[PDB]
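J.: Before we start, here is the structure in question, set down as structure tokens.
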Number of protein chains: 2
Amino acid sequence: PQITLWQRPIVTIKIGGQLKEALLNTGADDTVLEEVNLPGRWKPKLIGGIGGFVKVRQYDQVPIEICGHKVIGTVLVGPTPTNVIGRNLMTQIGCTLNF
Amino acid sequence: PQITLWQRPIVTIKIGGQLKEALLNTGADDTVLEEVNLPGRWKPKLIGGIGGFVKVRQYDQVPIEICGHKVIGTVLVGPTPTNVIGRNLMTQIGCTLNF
Ligand SMILES: CC(C)C[C@H](NC(=O)[C@H](CCl)NC(=O)C[C@H](O)[C@H](Cc1ccccc1)NC(=O)[C@H](NC(=O)c1ccccn1)C(C)C)C(N)=O
């Protein structure tokens, strides 16, 4: 798709057998999702850094479908105001900024 | 340009007679820049909301050049860890997400 930016670029994703919505966020290095039980191995990761850090679970090589595009990438799972698709998965789906 | 997202989408801007760098951030509703003296009228605005709010100065209808595209838009000026071009000015330059 070509997504204009008059509204927040929220897309449908499928992850861990669930449908969810997430924000395509070119300001975010990493993808951070709230409340998903993913199977397989993880390690704790400290993110943010303003006011303290937030600890999330880092799952590598997670299959995820983003606006119909089936890809693989690292997903951080933990508390986030909104589900965010970061650059790490936008590269995988071949998403570019164009003007 | 077509900008891939393997690296942070940092671009050159010209604002208030200065050259600066800023991050094209589709997760940000608004444009927030640090340390610019803009002429003309402003009003205080509270932004953020996590941990408290941050107060910035809102300047409406500011001429700004973004990666060579001369546009007009609202610029919030105050303390930010990174200069950020938000959706409000990405729409003006005709920037879309494509995949
Ligand atoms: C270092 C900490 C500030 C947090 C850390 N930050 C980052 O990764 C980067 C800056 Cl290093 N943040 C961003 O790029 C801002 C980002 O677009 C996030 C979007 C988001 C992410 C997660 C949940 C809810 C919303 N925030 C914003 O765009 C905006 N928030 C802001 O504080 C803000 C400040 C200055 C300029 C623009 N925006 C707002 C519209 C919500 C993180 N792990 O998310």
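In the structure tokens, chains take letters A, B, ... by order of appearance, with residues numbered from 1 within each chain and ligands from 1 in the order shown.
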Any idea which chain A residues end up within 9 Å of chain B if we count only C-alpha atoms, as a VMD selection string please?

T.: chain A and resid 1 to 9 23 to 29 51 84 87 to 88 90 to 91 93 to 99

J.: Any chance you could fit chain A onto chain B with least squares, all Cα atoms in order, and share the moved copy as an mmCIF file with N, CA, C and O atoms, in the first residue's frame?

T.:
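Writing done, so here's out-v4.cif:
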data_model
loop_
_atom_site.group_PDB
_atom_site.id
_atom_site.type_symbol
_atom_site.label_atom_id
_atom_site.label_comp_id
_atom_site.auth_asym_id
_atom_site.auth_seq_id
_atom_site.Cartn_x
_atom_site.Cartn_y
_atom_site.Cartn_z
ATOM 1 N N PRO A 1 13.063 11.788 -2.602
ATOM 2 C CA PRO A 1 13.899 10.604 -2.425
ATOM 3 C C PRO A 1 13.076 9.402 -1.983
ATOM 4 O O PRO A 1 11.955 9.559 -1.519
ATOM 5 N N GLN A 2 13.626 8.209 -2.155
ATOM 6 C CA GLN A 2 13.075 7.021 -1.526
ATOM 7 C C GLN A 2 14.076 6.598 -0.462
ATOM 8 O O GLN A 2 15.241 6.312 -0.778
ATOM 9 N N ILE A 3 13.615 6.566 0.784
ATOM 10 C CA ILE A 3 14.461 6.361 1.963
ATOM 11 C C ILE A 3 14.147 5.015 2.582
ATOM 12 O O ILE A 3 13.037 4.753 3.059
ATOM 13 N N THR A 4 15.139 4.127 2.547
ATOM 14 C CA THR A 4 14.970 2.847 3.170
ATOM 15 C C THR A 4 15.273 3.000 4.659
ATOM 16 O O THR A 4 15.850 4.008 5.103
ATOM 17 N N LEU A 5 14.861 2.016 5.453
ATOM 18 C CA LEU A 5 14.839 2.230 6.881
ATOM 19 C C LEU A 5 15.845 1.387 7.659
ATOM 20 O O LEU A 5 15.682 1.137 8.840
ATOM 21 N N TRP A 6 16.906 0.958 6.973
ATOM 22 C CA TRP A 6 17.984 0.227 7.638
ATOM 23 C C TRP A 6 18.720 1.066 8.680
ATOM 24 O O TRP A 6 19.164 0.534 9.705
ATOM 25 N N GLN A 7 18.840 2.381 8.416
ATOM 26 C CA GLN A 7 19.357 3.346 9.355
ATOM 27 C C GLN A 7 18.217 4.315 9.745
ATOM 28 O O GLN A 7 17.150 4.299 9.121
ATOM 29 N N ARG A 8 18.452 5.124 10.772
ATOM 30 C CA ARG A 8 17.484 6.160 11.171
ATOM 31 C C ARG A 8 17.337 7.172 10.042
ATOM 32 O O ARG A 8 18.340 7.579 9.451
ATOM 33 N N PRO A 9 16.076 7.535 9.686
ATOM 34 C CA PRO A 9 15.822 8.453 8.569
ATOM 35 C C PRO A 9 16.054 9.914 8.992
ATOM 36 O O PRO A 9 15.124 10.670 9.222
ATOM 37 N N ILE A 10 17.327 10.282 9.083
ATOM 38 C CA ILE A 10 17.733 11.648 9.464
ATOM 39 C C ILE A 10 17.948 12.452 8.187
ATOM 40 O O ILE A 10 18.641 11.987 7.247
ATOM 41 N N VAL A 11 17.305 13.623 8.124
ATOM 42 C CA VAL A 11 17.387 14.522 6.983
ATOM 43 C C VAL A 11 17.865 15.930 7.415
ATOM 44 O O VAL A 11 17.849 16.281 8.612
ATOM 45 N N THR A 12 18.363 16.672 6.433
ATOM 46 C CA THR A 12 18.765 18.070 6.620
ATOM 47 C C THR A 12 17.540 18.968 6.456
ATOM 48 O O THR A 12 16.712 18.788 5.537
ATOM 49 N N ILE A 13 17.433 19.949 7.346
ATOM 50 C CA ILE A 13 16.336 20.907 7.289
ATOM 51 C C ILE A 13 16.909 22.301 7.393
ATOM 52 O O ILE A 13 17.999 22.487 7.962
ATOM 53 N N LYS A 14 16.182 23.273 6.860
ATOM 54 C CA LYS A 14 16.528 24.664 7.114
ATOM 55 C C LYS A 14 15.373 25.320 7.836
ATOM 56 O O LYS A 14 14.261 25.328 7.332
ATOM 57 N N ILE A 15 15.652 25.886 9.002
ATOM 58 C CA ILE A 15 14.622 26.558 9.783
ATOM 59 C C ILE A 15 15.213 27.763 10.532
ATOM 60 O O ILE A 15 16.325 27.687 11.053
ATOM 61 N N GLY A 16 14.463 28.861 10.555
ATOM 62 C CA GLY A 16 14.907 30.079 11.234
ATOM 63 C C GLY A 16 16.276 30.558 10.799
ATOM 64 O O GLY A 16 17.027 31.101 11.604
ATOM 65 N N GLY A 17 16.605 30.365 9.534
ATOM 66 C CA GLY A 17 17.923 30.724 9.019
ATOM 67 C C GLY A 17 19.066 29.805 9.426
ATOM 68 O O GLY A 17 20.225 30.155 9.205
ATOM 69 N N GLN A 18 18.760 28.642 10.014
ATOM 70 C CA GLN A 18 19.796 27.688 10.441
ATOM 71 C C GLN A 18 19.675 26.379 9.660
ATOM 72 O O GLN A 18 18.587 26.051 9.189
ATOM 73 N N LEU A 19 20.794 25.678 9.464
ATOM 74 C CA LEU A 19 20.768 24.281 8.997
ATOM 75 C C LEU A 19 20.760 23.375 10.213
ATOM 76 O O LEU A 19 21.510 23.592 11.174
ATOM 77 N N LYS A 20 19.930 22.341 10.177
ATOM 78 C CA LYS A 20 19.821 21.434 11.304
ATOM 79 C C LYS A 20 19.556 20.061 10.724
ATOM 80 O O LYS A 20 19.357 19.939 9.525
ATOM 81 N N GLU A 21 19.596 19.044 11.574
ATOM 82 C CA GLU A 21 19.243 17.686 11.146
ATOM 83 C C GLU A 21 18.080 17.230 11.991
ATOM 84 O O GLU A 21 17.975 17.591 13.173
ATOM 85 N N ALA A 22 17.199 16.423 11.394
ATOM 86 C CA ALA A 22 16.045 15.954 12.118
ATOM 87 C C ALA A 22 15.650 14.569 11.654
ATOM 88 O O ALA A 22 15.910 14.190 10.506
ATOM 89 N N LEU A 23 14.946 13.879 12.536
ATOM 90 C CA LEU A 23 14.476 12.516 12.281
ATOM 91 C C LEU A 23 13.053 12.536 11.716
ATOM 92 O O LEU A 23 12.150 13.094 12.354
ATOM 93 N N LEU A 24 12.852 11.903 10.559
ATOM 94 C CA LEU A 24 11.514 11.714 9.973
ATOM 95 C C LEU A 24 10.802 10.645 10.775
ATOM 96 O O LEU A 24 11.163 9.471 10.682
ATOM 97 N N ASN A 25 9.798 11.048 11.550
ATOM 98 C CA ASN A 25 9.216 10.174 12.579
ATOM 99 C C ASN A 25 7.713 10.020 12.428
ATOM 100 O O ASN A 25 6.910 10.860 12.882
ATOM 101 N N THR A 26 7.328 8.910 11.822
ATOM 102 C CA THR A 26 5.927 8.675 11.525
ATOM 103 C C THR A 26 5.137 8.327 12.793
ATOM 104 O O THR A 26 3.904 8.379 12.784
ATOM 105 N N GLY A 27 5.858 8.020 13.875
ATOM 106 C CA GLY A 27 5.227 7.843 15.200
ATOM 107 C C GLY A 27 4.868 9.130 15.921
ATOM 108 O O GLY A 27 4.138 9.100 16.912
ATOM 109 N N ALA A 28 5.361 10.261 15.421
ATOM 110 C CA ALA A 28 5.161 11.554 16.084
ATOM 111 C C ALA A 28 4.070 12.345 15.374
ATOM 112 O O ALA A 28 4.138 12.531 14.168
ATOM 113 N N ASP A 29 3.085 12.835 16.129
ATOM 114 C CA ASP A 29 2.013 13.609 15.525
ATOM 115 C C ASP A 29 2.559 14.952 15.079
ATOM 116 O O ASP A 29 2.157 15.474 14.046
ATOM 117 N N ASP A 30 3.459 15.501 15.901
ATOM 118 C CA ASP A 30 3.898 16.894 15.782
ATOM 119 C C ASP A 30 5.405 16.957 15.565
ATOM 120 O O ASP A 30 6.123 16.005 15.853
ATOM 121 N N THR A 31 5.871 18.104 15.072
ATOM 122 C CA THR A 31 7.278 18.362 14.833
ATOM 123 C C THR A 31 7.836 19.106 16.042
ATOM 124 O O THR A 31 7.271 20.121 16.466
ATOM 125 N N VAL A 32 8.944 18.606 16.578
ATOM 126 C CA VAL A 32 9.531 19.181 17.814
ATOM 127 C C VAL A 32 11.011 19.378 17.567
ATOM 128 O O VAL A 32 11.732 18.421 17.238
ATOM 129 N N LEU A 33 11.467 20.631 17.684
ATOM 130 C CA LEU A 33 12.848 20.971 17.427
ATOM 131 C C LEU A 33 13.458 21.644 18.652
ATOM 132 O O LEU A 33 12.771 22.364 19.363
ATOM 133 N N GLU A 34 14.747 21.396 18.876
ATOM 134 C CA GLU A 34 15.491 21.993 19.990
ATOM 135 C C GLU A 34 16.217 23.248 19.523
ATOM 136 O O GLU A 34 16.750 23.289 18.406
ATOM 137 N N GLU A 35 16.253 24.255 20.390
ATOM 138 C CA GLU A 35 17.083 25.457 20.187
ATOM 139 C C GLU A 35 16.949 26.157 18.836
ATOM 140 O O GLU A 35 17.867 26.161 18.003
ATOM 141 N N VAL A 36 15.794 26.762 18.618
ATOM 142 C CA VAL A 36 15.682 27.677 17.511
ATOM 143 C C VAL A 36 14.936 28.935 17.914
ATOM 144 O O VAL A 36 13.887 28.906 18.581
ATOM 145 N N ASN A 37 15.518 30.051 17.514
ATOM 146 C CA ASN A 37 14.911 31.330 17.705
ATOM 147 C C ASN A 37 14.097 31.542 16.441
ATOM 148 O O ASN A 37 14.639 31.696 15.323
ATOM 149 N N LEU A 38 12.788 31.400 16.596
ATOM 150 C CA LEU A 38 11.883 31.703 15.516
ATOM 151 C C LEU A 38 11.276 33.062 15.802
ATOM 152 O O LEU A 38 11.048 33.399 16.973
ATOM 153 N N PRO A 39 11.016 33.852 14.746
ATOM 154 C CA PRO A 39 10.378 35.150 14.943
ATOM 155 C C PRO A 39 8.855 35.030 15.003
ATOM 156 O O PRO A 39 8.298 33.964 14.693
ATOM 157 N N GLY A 40 8.170 36.077 15.434
ATOM 158 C CA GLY A 40 6.700 35.972 15.399
ATOM 159 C C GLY A 40 6.063 35.246 16.575
ATOM 160 O O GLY A 40 6.737 34.871 17.550
ATOM 161 N N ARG A 41 4.758 35.029 16.479
ATOM 162 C CA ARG A 41 3.981 34.728 17.676
ATOM 163 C C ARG A 41 4.025 33.253 18.036
ATOM 164 O O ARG A 41 4.158 32.390 17.165
ATOM 165 N N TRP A 42 3.933 32.978 19.329
ATOM 166 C CA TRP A 42 3.866 31.605 19.821
ATOM 167 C C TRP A 42 2.922 31.507 21.017
ATOM 168 O O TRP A 42 2.514 32.527 21.599
ATOM 169 N N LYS A 43 2.554 30.282 21.366
ATOM 170 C CA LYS A 43 1.787 30.042 22.597
ATOM 171 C C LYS A 43 2.355 28.793 23.248
ATOM 172 O O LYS A 43 2.865 27.913 22.533
ATOM 173 N N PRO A 44 2.319 28.707 24.597
ATOM 174 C CA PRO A 44 2.796 27.467 25.233
ATOM 175 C C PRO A 44 1.864 26.289 24.960
ATOM 176 O O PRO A 44 0.641 26.468 24.843
ATOM 177 N N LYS A 45 2.455 25.101 24.863
ATOM 178 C CA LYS A 45 1.735 23.858 24.600
ATOM 179 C C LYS A 45 2.331 22.781 25.485
ATOM 180 O O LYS A 45 3.552 22.665 25.582
ATOM 181 N N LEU A 46 1.461 22.009 26.141
ATOM 182 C CA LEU A 46 1.917 20.847 26.904
ATOM 183 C C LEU A 46 1.891 19.613 26.019
ATOM 184 O O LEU A 46 0.864 19.304 25.399
ATOM 185 N N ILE A 47 3.024 18.926 25.931
ATOM 186 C CA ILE A 47 3.110 17.683 25.163
ATOM 187 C C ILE A 47 3.605 16.512 26.001
ATOM 188 O O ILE A 47 3.919 16.655 27.192
ATOM 189 N N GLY A 48 3.673 15.342 25.367
ATOM 190 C CA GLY A 48 4.038 14.119 26.072
ATOM 191 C C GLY A 48 2.888 13.769 26.992
ATOM 192 O O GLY A 48 1.728 13.746 26.562
ATOM 193 N N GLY A 49 3.202 13.508 28.251
ATOM 194 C CA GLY A 49 2.198 12.996 29.192
ATOM 195 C C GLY A 49 2.683 11.812 30.013
ATOM 196 O O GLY A 49 2.036 11.392 30.961
ATOM 197 N N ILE A 50 3.828 11.249 29.647
ATOM 198 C CA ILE A 50 4.416 10.207 30.485
ATOM 199 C C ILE A 50 5.414 10.851 31.459
ATOM 200 O O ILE A 50 6.324 11.547 31.014
ATOM 201 N N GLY A 51 5.197 10.634 32.776
ATOM 202 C CA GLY A 51 6.041 11.138 33.897
ATOM 203 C C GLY A 51 5.715 12.579 34.310
ATOM 204 O O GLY A 51 6.220 13.133 35.313
ATOM 205 N N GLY A 52 4.848 13.164 33.505
ATOM 206 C CA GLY A 52 4.473 14.555 33.592
ATOM 207 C C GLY A 52 4.277 14.999 32.161
ATOM 208 O O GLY A 52 4.205 14.170 31.235
ATOM 209 N N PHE A 53 4.209 16.307 31.967
ATOM 210 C CA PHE A 53 4.176 16.863 30.620
ATOM 211 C C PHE A 53 5.420 17.718 30.411
ATOM 212 O O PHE A 53 6.059 18.120 31.374
ATOM 213 N N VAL A 54 5.726 17.996 29.154
ATOM 214 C CA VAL A 54 6.792 18.920 28.788
ATOM 215 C C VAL A 54 6.122 20.116 28.153
ATOM 216 O O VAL A 54 5.219 19.946 27.327
ATOM 217 N N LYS A 55 6.570 21.322 28.507
ATOM 218 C CA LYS A 55 6.029 22.543 27.926
ATOM 219 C C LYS A 55 6.940 22.986 26.796
ATOM 220 O O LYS A 55 8.170 23.030 26.943
ATOM 221 N N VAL A 56 6.333 23.263 25.645
ATOM 222 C CA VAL A 56 7.082 23.741 24.482
ATOM 223 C C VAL A 56 6.411 25.025 23.975
ATOM 224 O O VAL A 56 5.311 25.409 24.425
ATOM 225 N N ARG A 57 7.085 25.715 23.069
ATOM 226 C CA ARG A 57 6.464 26.852 22.397
ATOM 227 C C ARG A 57 5.927 26.432 21.046
ATOM 228 O O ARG A 57 6.694 25.909 20.217
ATOM 229 N N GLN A 58 4.646 26.710 20.836
ATOM 230 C CA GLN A 58 3.978 26.398 19.569
ATOM 231 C C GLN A 58 3.980 27.609 18.618
ATOM 232 O O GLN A 58 3.398 28.669 18.922
ATOM 233 N N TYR A 59 4.656 27.438 17.478
ATOM 234 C CA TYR A 59 4.701 28.441 16.438
ATOM 235 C C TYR A 59 3.917 27.873 15.269
ATOM 236 O O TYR A 59 4.262 26.819 14.714
ATOM 237 N N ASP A 60 2.867 28.573 14.894
ATOM 238 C CA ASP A 60 2.103 28.152 13.729
ATOM 239 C C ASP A 60 2.642 28.746 12.444
ATOM 240 O O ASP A 60 3.298 29.809 12.440
ATOM 241 N N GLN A 61 2.379 28.030 11.351
ATOM 242 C CA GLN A 61 2.646 28.505 10.002
ATOM 243 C C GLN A 61 4.102 28.962 9.821
ATOM 244 O O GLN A 61 4.366 30.105 9.409
ATOM 245 N N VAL A 62 5.037 28.089 10.183
ATOM 246 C CA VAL A 62 6.450 28.359 10.098
ATOM 247 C C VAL A 62 7.010 27.859 8.763
ATOM 248 O O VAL A 62 6.810 26.691 8.410
ATOM 249 N N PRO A 63 7.688 28.728 7.993
ATOM 250 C CA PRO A 63 8.350 28.194 6.792
ATOM 251 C C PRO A 63 9.524 27.313 7.159
ATOM 252 O O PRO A 63 10.345 27.675 8.010
ATOM 253 N N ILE A 64 9.614 26.156 6.524
ATOM 254 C CA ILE A 64 10.708 25.250 6.833
ATOM 255 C C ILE A 64 11.035 24.491 5.566
ATOM 256 O O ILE A 64 10.131 24.192 4.784
ATOM 257 N N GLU A 65 12.317 24.210 5.338
ATOM 258 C CA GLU A 65 12.723 23.432 4.176
ATOM 259 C C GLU A 65 13.200 22.078 4.667
ATOM 260 O O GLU A 65 13.996 21.986 5.610
ATOM 261 N N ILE A 66 12.653 21.021 4.079
ATOM 262 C CA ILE A 66 12.940 19.677 4.572
ATOM 263 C C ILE A 66 13.417 18.875 3.382
ATOM 264 O O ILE A 66 12.677 18.670 2.420
ATOM 265 N N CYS A 67 14.694 18.494 3.422
ATOM 266 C CA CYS A 67 15.294 17.749 2.351
ATOM 267 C C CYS A 67 14.946 18.434 1.020
ATOM 268 O O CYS A 67 14.515 17.778 0.072
ATOM 269 N N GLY A 68 15.097 19.764 0.983
ATOM 270 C CA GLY A 68 14.950 20.553 -0.240
ATOM 271 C C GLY A 68 13.535 20.982 -0.596
ATOM 272 O O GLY A 68 13.330 21.748 -1.554
ATOM 273 N N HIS A 69 12.567 20.520 0.193
ATOM 274 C CA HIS A 69 11.147 20.816 -0.042
ATOM 275 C C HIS A 69 10.713 21.967 0.857
ATOM 276 O O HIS A 69 10.708 21.812 2.068
ATOM 277 N N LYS A 70 10.354 23.112 0.265
ATOM 278 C CA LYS A 70 9.964 24.269 1.067
ATOM 279 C C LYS A 70 8.484 24.160 1.387
ATOM 280 O O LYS A 70 7.631 24.165 0.469
ATOM 281 N N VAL A 71 8.185 24.049 2.675
ATOM 282 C CA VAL A 71 6.809 23.942 3.152
ATOM 283 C C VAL A 71 6.521 24.872 4.333
ATOM 284 O O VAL A 71 7.370 25.689 4.707
ATOM 285 N N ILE A 72 5.305 24.757 4.864
ATOM 286 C CA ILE A 72 4.822 25.565 5.988
ATOM 287 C C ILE A 72 4.109 24.640 6.965
ATOM 288 O O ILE A 72 3.323 23.779 6.565
ATOM 289 N N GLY A 73 4.376 24.821 8.257
ATOM 290 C CA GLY A 73 3.641 24.048 9.243
ATOM 291 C C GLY A 73 3.955 24.473 10.656
ATOM 292 O O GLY A 73 4.828 25.307 10.905
ATOM 293 N N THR A 74 3.232 23.874 11.573
ATOM 294 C CA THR A 74 3.411 24.155 12.986
ATOM 295 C C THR A 74 4.704 23.510 13.454
ATOM 296 O O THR A 74 4.959 22.343 13.152
ATOM 297 N N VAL A 75 5.508 24.258 14.223
ATOM 298 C CA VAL A 75 6.744 23.711 14.777
ATOM 299 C C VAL A 75 6.674 23.980 16.270
ATOM 300 O O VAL A 75 6.397 25.125 16.671
ATOM 301 N N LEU A 76 6.913 22.935 17.076
ATOM 302 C CA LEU A 76 6.981 23.069 18.528
ATOM 303 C C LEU A 76 8.469 23.192 18.861
ATOM 304 O O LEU A 76 9.287 22.472 18.290
ATOM 305 N N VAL A 77 8.826 24.148 19.709
ATOM 306 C CA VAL A 77 10.231 24.393 20.015
ATOM 307 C C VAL A 77 10.408 24.197 21.508
ATOM 308 O O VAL A 77 9.714 24.824 22.327
ATOM 309 N N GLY A 78 11.302 23.289 21.848
ATOM 310 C CA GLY A 78 11.658 23.096 23.243
ATOM 311 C C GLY A 78 12.559 21.902 23.374
ATOM 312 O O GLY A 78 13.103 21.417 22.384
ATOM 313 N N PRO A 79 12.682 21.393 24.608
ATOM 314 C CA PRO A 79 13.663 20.369 24.895
ATOM 315 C C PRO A 79 13.208 19.048 24.301
ATOM 316 O O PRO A 79 12.074 18.597 24.523
ATOM 317 N N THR A 80 14.069 18.481 23.473
ATOM 318 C CA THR A 80 13.801 17.196 22.883
ATOM 319 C C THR A 80 15.127 16.476 22.709
ATOM 320 O O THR A 80 16.111 17.083 22.250
ATOM 321 N N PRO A 81 15.162 15.184 23.077
ATOM 322 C CA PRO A 81 16.346 14.363 22.878
ATOM 323 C C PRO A 81 16.879 14.489 21.460
ATOM 324 O O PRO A 81 18.084 14.626 21.271
ATOM 325 N N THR A 82 15.990 14.450 20.467
ATOM 326 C CA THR A 82 16.405 14.617 19.077
ATOM 327 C C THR A 82 15.364 15.447 18.326
ATOM 328 O O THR A 82 14.183 15.368 18.661
ATOM 329 N N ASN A 83 15.818 16.256 17.358
ATOM 330 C CA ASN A 83 14.924 17.001 16.446
ATOM 331 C C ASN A 83 14.084 16.026 15.661
ATOM 332 O O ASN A 83 14.615 15.100 15.040
ATOM 333 N N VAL A 84 12.772 16.240 15.687
ATOM 334 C CA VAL A 84 11.851 15.282 15.098
ATOM 335 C C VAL A 84 10.919 15.970 14.115
ATOM 336 O O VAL A 84 10.279 16.958 14.491
ATOM 337 N N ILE A 85 10.861 15.452 12.881
ATOM 338 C CA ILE A 85 9.851 15.893 11.908
ATOM 339 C C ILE A 85 8.662 14.935 12.080
ATOM 340 O O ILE A 85 8.795 13.718 11.836
ATOM 341 N N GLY A 86 7.522 15.467 12.505
ATOM 342 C CA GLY A 86 6.338 14.626 12.715
ATOM 343 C C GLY A 86 5.415 14.558 11.508
ATOM 344 O O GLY A 86 5.685 15.155 10.458
ATOM 345 N N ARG A 87 4.322 13.812 11.642
ATOM 346 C CA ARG A 87 3.381 13.664 10.516
ATOM 347 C C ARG A 87 2.890 15.012 9.984
ATOM 348 O O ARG A 87 2.595 15.153 8.789
ATOM 349 N N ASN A 88 2.746 15.998 10.866
ATOM 350 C CA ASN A 88 2.176 17.272 10.410
ATOM 351 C C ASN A 88 2.976 17.890 9.261
ATOM 352 O O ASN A 88 2.386 18.472 8.355
ATOM 353 N N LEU A 89 4.300 17.772 9.299
ATOM 354 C CA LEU A 89 5.141 18.276 8.202
ATOM 355 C C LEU A 89 5.440 17.229 7.125
ATOM 356 O O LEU A 89 5.650 17.583 5.957
ATOM 357 N N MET A 90 5.436 15.941 7.481
ATOM 358 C CA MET A 90 5.564 14.926 6.443
ATOM 359 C C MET A 90 4.403 14.991 5.450
ATOM 360 O O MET A 90 4.618 14.785 4.248
ATOM 361 N N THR A 91 3.191 15.303 5.914
ATOM 362 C CA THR A 91 2.094 15.463 4.940
ATOM 363 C C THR A 91 2.359 16.610 3.973
ATOM 364 O O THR A 91 2.030 16.536 2.777
ATOM 365 N N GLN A 92 2.952 17.680 4.499
ATOM 366 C CA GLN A 92 3.183 18.865 3.704
ATOM 367 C C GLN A 92 4.160 18.614 2.576
ATOM 368 O O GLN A 92 3.978 19.128 1.478
ATOM 369 N N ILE A 93 5.205 17.833 2.848
ATOM 370 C CA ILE A 93 6.186 17.487 1.812
ATOM 371 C C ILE A 93 5.750 16.327 0.884
ATOM 372 O O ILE A 93 6.469 15.957 -0.058
ATOM 373 N N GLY A 94 4.594 15.737 1.186
ATOM 374 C CA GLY A 94 4.014 14.638 0.409
ATOM 375 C C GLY A 94 4.694 13.315 0.676
ATOM 376 O O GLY A 94 4.772 12.451 -0.209
ATOM 377 N N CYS A 95 5.186 13.155 1.896
ATOM 378 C CA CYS A 95 5.883 11.934 2.280
ATOM 379 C C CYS A 95 4.875 10.835 2.633
ATOM 380 O O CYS A 95 3.972 11.048 3.464
ATOM 381 N N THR A 96 5.046 9.675 1.999
ATOM 382 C CA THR A 96 4.214 8.489 2.241
ATOM 383 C C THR A 96 5.064 7.299 2.662
ATOM 384 O O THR A 96 6.271 7.253 2.353
ATOM 385 N N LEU A 97 4.422 6.337 3.325
ATOM 386 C CA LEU A 97 5.011 5.007 3.591
ATOM 387 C C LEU A 97 4.566 4.078 2.479
ATOM 388 O O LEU A 97 3.387 4.027 2.147
ATOM 389 N N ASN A 98 5.519 3.367 1.884
ATOM 390 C CA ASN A 98 5.209 2.510 0.726
ATOM 391 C C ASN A 98 5.797 1.121 0.886
ATOM 392 O O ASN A 98 6.985 0.990 1.180
ATOM 393 N N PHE A 99 4.967 0.097 0.677
ATOM 394 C CA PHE A 99 5.437 -1.293 0.629
ATOM 395 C C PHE A 99 4.490 -2.255 -0.114
ATOM 396 O O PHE A 99 3.427 -1.823 -0.592
#

J.: With DSSP run on the backbone, what are the strand (DSSP E) residues within chain A? I'd like them as JSON, numbers by chain.

T.: {"A": [2, 3, 10, 11, 12, 13, 14, 15, 18, 19, 20, 21, 22, 23, 24, 32, 33, 43, 44, 45, 46, 47, 48, 53, 54, 55, 56, 57, 58, 59, 60, 61, 62, 63, 64, 65, 66, 69, 70, 71, 72, 73, 74, 75, 76, 77, 84, 85, 96, 97, 98]}

J.: Please return, as a list in words, all residues of chain A that DSSP assigns to alpha helix (DSSP H) on the basis of the backbone.

T.: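 Residues meeting the alpha helix (DSSP H) criterion: residues 87, 88, 89, 90, 91, 92 and 93 of chain A.
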
J.: Could you turn the residues from that selection into a file that holds N, CA and C atoms, as a PDB file, in the first residue's frame?

T.:
ATOM      1  N   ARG A  87      11.644   0.215  12.816  1.00  0.00           N
ATOM      2  CA  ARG A  87      12.401   0.061  11.561  1.00  0.00           C
ATOM      3  C   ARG A  87      12.832  -1.387  11.314  1.00  0.00           C
ATOM      4  N   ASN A  88      13.126  -2.125  12.382  1.00  0.00           N
ATOM      5  CA  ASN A  88      13.646  -3.483  12.177  1.00  0.00           C
ATOM      6  C   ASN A  88      12.694  -4.352  11.352  1.00  0.00           C
ATOM      7  N   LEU A  89      11.389  -4.203  11.559  1.00  0.00           N
ATOM      8  CA  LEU A  89      10.402  -4.949  10.761  1.00  0.00           C
ATOM      9  C   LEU A  89       9.925  -4.198   9.515  1.00  0.00           C
ATOM     10  N   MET A  90       9.958  -2.862   9.534  1.00  0.00           N
ATOM     11  CA  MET A  90       9.655  -2.135   8.308  1.00  0.00           C
ATOM     12  C   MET A  90      10.654  -2.467   7.199  1.00  0.00           C
ATOM     13  N   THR A  91      11.928  -2.677   7.538  1.00  0.00           N
ATOM     14  CA  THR A  91      12.869  -3.096   6.481  1.00  0.00           C
ATOM     15  C   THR A  91      12.483  -4.442   5.881  1.00  0.00           C
ATOM     16  N   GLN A  92      11.998  -5.335   6.741  1.00  0.00           N
ATOM     17  CA  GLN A  92      11.672  -6.677   6.310  1.00  0.00           C
ATOM     18  C   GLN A  92      10.532  -6.697   5.315  1.00  0.00           C
ATOM     19  N   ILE A  93       9.525  -5.852   5.538  1.00  0.00           N
ATOM     20  CA  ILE A  93       8.393  -5.757   4.608  1.00  0.00           C
ATOM     21  C   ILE A  93       8.662  -4.873   3.366  1.00  0.00           C
TER      22      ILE A  93
END
